[PDB]
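Please read the structure below before turning to the comments.
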Amino acid sequence: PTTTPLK
Ligand SMILES: *[C@H]1O[C@H](CO)[C@H](O)[C@H](O)[C@H]1NC(C)=O
Ligand SMILES: *[C@H]1O[C@H](CO)[C@H](O)[C@H](O)[C@H]1NC(C)=O
Ligand SMILES: *[C@H]1O[C@H](CO)[C@H](O)[C@H](O)[C@H]1NC(C)=O
């Protein structure tokens with residue numbers, strides 16, 4: 001699991 005560029 002990973003986090004995506006929090007816009
Ligand atoms: C986050 O990065 C990891 C690294 O292996 C995976 O590619 C995962 O699928 C990524 N998550 C998203 C939402 O792209
Ligand atoms: C996803 O967001 C989290 C929380 O800020 C971390 O910064 C993480 O390094 C991010 N993942 C990517 C691939 O930039
Ligand atoms: C990153 O963006 C993806 C959509 O491509 C998802 O909304 C994911 O939940 C996001 N991650 C964060 C930490 O907001």
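In the structure tokens, the first chain shown is A, the next is B, and so on; residue numbers restart at 1 for each chain, and ligands run from 1 in the order shown.
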Which residues of chain A come within 7 Å of ligand 3, and what is each one's closest atom pair and distance in Å (one decimal), counting only C-alpha atoms and all ligand atoms, sorted by chain and residue number, as JSON lines?
{"residue": "A:3", "atom": "CA", "partner": "ligand 3", "partner_atom_place_in_ligand_line": "13 (C)", "distance": 4.6}
{"residue": "A:4", "atom": "CA", "partner": "ligand 3", "partner_atom_place_in_ligand_line": "1 (C)", "distance": 3.3}
{"residue": "A:5", "atom": "CA", "partner": "ligand 3", "partner_atom_place_in_ligand_line": "1 (C)", "distance": 5.2}
{"residue": "A:6", "atom": "CA", "partner": "ligand 3", "partner_atom_place_in_ligand_line": "14 (O)", "distance": 4.5}
Pull N, CA and C atoms from the residues just selected and write them as an mmCIF file, in the first residue's frame.
data_model
loop_
_atom_site.group_PDB
_atom_site.id
_atom_site.type_symbol
_atom_site.label_atom_id
_atom_site.label_comp_id
_atom_site.auth_asym_id
_atom_site.auth_seq_id
_atom_site.Cartn_x
_atom_site.Cartn_y
_atom_site.Cartn_z
ATOM 1 N N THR A 3 0.644 5.927 -0.577
ATOM 2 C CA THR A 3 -0.187 7.125 -0.621
ATOM 3 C C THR A 3 0.048 7.892 -1.918
ATOM 4 N N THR A 4 -1.028 8.424 -2.489
ATOM 5 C CA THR A 4 -0.927 9.180 -3.731
ATOM 6 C C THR A 4 -0.790 10.672 -3.441
ATOM 7 N N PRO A 5 -0.191 11.399 -4.344
ATOM 8 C CA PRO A 5 0.020 12.863 -4.196
ATOM 9 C C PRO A 5 -1.231 13.573 -3.683
ATOM 10 N N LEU A 6 -1.250 13.866 -2.388
ATOM 11 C CA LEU A 6 -2.391 14.546 -1.785
ATOM 12 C C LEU A 6 -2.560 15.940 -2.381
#
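The two atoms in question, atom CA of residue A:7 and atom 12 (C, counted along the ligand's line) of ligand 1, are spaced 14.0 Å apart.
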May I ask for the distance between atom 3 (C, counted along the ligand's line) of ligand 1 and atom CA of residue A:2, given in Å to one decimal place?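 That distance, rounded to one decimal, is 4.8 Å.
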